[PDB]
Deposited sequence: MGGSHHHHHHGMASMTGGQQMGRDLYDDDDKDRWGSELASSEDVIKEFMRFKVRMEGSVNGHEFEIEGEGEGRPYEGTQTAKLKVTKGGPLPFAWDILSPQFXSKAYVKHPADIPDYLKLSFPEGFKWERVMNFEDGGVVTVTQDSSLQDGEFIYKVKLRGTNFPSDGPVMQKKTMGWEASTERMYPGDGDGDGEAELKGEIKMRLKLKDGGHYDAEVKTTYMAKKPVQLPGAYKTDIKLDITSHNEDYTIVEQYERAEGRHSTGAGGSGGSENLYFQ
């Protein structure tokens, strides 16, 4: 059901420091090559009064290139799909919590995202729009119980670093649990190398295009 070229549609509803917004977008990519693009539009609550960069990692793990000897748990979960739940703890106390549902309908992936950002300092780089994209990251994957049923799901941990417009960096610690909707084979521990670029945007980041390349490899 996962072809060599796949499209997706995404909707996000969120709030950051109480500012509510909605985003609708579409994407496409090559799931076995690990590459994908997305075009997002802010349909309500724009222009966003905070940095786009805290949203960009929430817009697609079916598109991670995996070697044949690492089970591709998230690809195997389809057509039913999977859910994920993420916490990002930023170094100045801001927090982003995300929940997401991924399914396959009419030959396309369907993503539904709910996001809540809290406690960003009013004078910090997120609320002041002083960020300039993510450095490449490495997510460390491992099987572990993330939902209290006693059975392992797939967990990931990332140390992420955002570049600052005025010079410097700004760090976040991220934990995600990925949960298949049907029983499928979990891998052992491995790592995923990820690089996400904003490839174009209008001046106020209400229409934004992203590109991501992601590849799983042995530890």
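Gaps in the coordinates relative to the deposited sequence fall at 1-43, 103, 264-278.
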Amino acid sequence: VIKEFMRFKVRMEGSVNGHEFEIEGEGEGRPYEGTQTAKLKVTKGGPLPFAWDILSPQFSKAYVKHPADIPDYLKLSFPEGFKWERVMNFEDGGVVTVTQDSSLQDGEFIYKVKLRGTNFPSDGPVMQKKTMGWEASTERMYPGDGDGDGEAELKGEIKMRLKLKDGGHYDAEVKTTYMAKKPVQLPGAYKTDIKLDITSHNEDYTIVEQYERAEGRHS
From here on, numbers count along this sequence of modelled residues.
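A summary of the deposited B-factors shows that, of 65-73 and 22-30, the stretch with the larger mean C-alpha value is 65-73. Residues shown: 160, 180, 40, 54. Highest C-alpha temperature factor in the entry: 160.
Ranked against the other modelled residues of its chain, the C-alpha B-factor of residue 107 as given in the entry falls in the highest third. Per the deposited record, the Cα B-factor of residue 132 falls in the highest third when ranked against the other modelled residues of its chain. Residue 185: CA B factor lies in the highest third for its chain, per the PDB record. Residue-level temperature factors show residue 85 in the lowest third of its chain, judged at the C-alpha atom. Sort the modelled residues of the chain by CA B factor and residue 138 lands in the middle third.
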